[PDB]
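All chains are named by letter (A, B, ...) in the order of the sequence lines, taking the proteins before the strands, and each is independently numbered beginning at 1. The analysis underlying the following values was restricted to heavy atoms, covering all of them including side chains, and did not include hydrogens, waters or symmetry mates. Each ligand, and each atom within it, is numbered from 1 in the order the structure gives.
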There are 2 protein chains.
Amino acid sequence: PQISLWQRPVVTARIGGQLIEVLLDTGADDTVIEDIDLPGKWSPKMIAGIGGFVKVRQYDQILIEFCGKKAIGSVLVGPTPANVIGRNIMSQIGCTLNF
Amino acid sequence: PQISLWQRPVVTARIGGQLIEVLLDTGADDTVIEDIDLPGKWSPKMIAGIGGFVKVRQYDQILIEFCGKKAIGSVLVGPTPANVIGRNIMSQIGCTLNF
Ligand SMILES: CC(C)CN(C[C@@H](O)[C@H](Cc1ccccc1)NC(=O)O[C@H]1CO[C@H]2OCC[C@H]21)S(=O)(=O)c1ccc(N)cc1
């Protein structure tokens, strides 16, 4: 699709089988979600933003689906105020920023 | 321009006359710049990012130019780990996400 930015670019994604409202976020290097439970081993990571840092769990090889597209990649899970799909996933599906 | 997302979408912008590299950040409502001095009056404000609130100075009616495009808007000056252009500016210059 071709999504303009007059409002927040929010879409419904299925991540690990769960429906989550997500922001398509070119400022996010990696996908970060708050409200999800993913199974198995994870690695401890941290992310940095405006106001400070968030500790996150990194889950690898997760199925991410939205807007008819499908990708597999890592998901950082933690107390973020916004659920974002970042460039780790958007690059994989050929998403570009255009004007 | 067509900007891929396999790397950070960083462009050179002129913001109130000042040349600065900035991140095109679709997940930011607002344009937040740390590395800038802007003249004139400003409004004290607090904005929340991923780690909570930070104090910024809001400058209004700033001319922002990048990649053969121009828009006028507000700039928040304050601490951020990346100088970001938000939707306040990107929506005015017809920026779209495409995939
Ligand atoms: C500041 C960016 C370099 C990084 N952020 C992505 C960014 O798009 C966040 C995404 C975001 C969105 C809402 C709340 C927190 C974070 N937006 C943001 O901080 O915007 C602020 C300026 O405009 C305002 O509008 C929204 C918050 C304010 S981030 O959330 O900290 C972030 C950092 C790393 C990862 N992997 C994922 C996300």
for atom 37 (C) of ligand 1, nearest protein heavy atom and its distance come out as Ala28(A) CB, 3.3 Å
Tell me which one of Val54(B), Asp25(B), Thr26(B) gets a heavy atom nearest to atom 8 (O) of ligand 1.
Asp25(B)
What's the shortest distance from atom 31 (O) of ligand 1 to any protein heavy atom, and which residue and atom give it?
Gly49(A) CA, 3.1 Å
Counting heavy atoms only, name the option from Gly27(A), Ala82(A), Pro81(B) that's nearest to atom 4 (C) of ligand 1.
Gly27(A)
Does only the side chain of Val32(B) get under 4.0 Å from ligand 1, or the backbone, or both, or neither? Count heavy atoms.
side chain
Decide whether the shortest distance between a heavy atom of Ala48(B) and an atom of ligand 1 is less than 4.0 Å.
yes
Checking a contact table here: which protein heavy atom is nearest atom 32 (C) of ligand 1, and how many Å away?
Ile50(B) CD1, 4.0 Å
Looking at CD1 of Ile72(A) and CG of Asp60(A), how far apart are the two atoms once the value is rounded to the nearest 0.5 Å?
12.0 Å
Could you grab the distance from atom OG1 of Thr31(B) to atom CD of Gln58(B), nearest 0.5 Å is fine?
11.0 Å
Quick check: does any side chain N or O of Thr80(B) sit under 3.5 Å from a backbone N or O of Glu34(B), one acting as donor and the other as acceptor?
no
Keeping the roles fixed (side chain from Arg14(B), backbone from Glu65(B)), state whether a donor-acceptor pair exists under 3.5 Å.
no
Of all protein heavy atoms, the one nearest atom 34 (C) of ligand 1 is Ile47(A) CB, 4.0 Å
Ring geometry between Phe99(A) and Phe66(B) (parallel below 30°, tilted from 30 to 60°, perpendicular above 60°)
perpendicular
Could you tell me which atoms of ligand 1, counted from 1 in the order shown, lie closer than 4.0 angstrom to a heavy atom of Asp29(B)?
23 (O), 24 (C), 25 (O), 26 (C)
Checking side-chain polar atoms at under 3.5 Å, does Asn98(A) have a donor or acceptor matched by the opposite partner on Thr96(B)?
no
Among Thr80(A), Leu76(B), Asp30(A), which one has a heavy atom closest to atom 35 (C) of ligand 1?
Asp30(A)
Mark yes when over 12 heavy atoms from residues, nucleotides or ligands other than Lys55(A) sit less than 6.0 Å from its NZ; otherwise mark no.
no
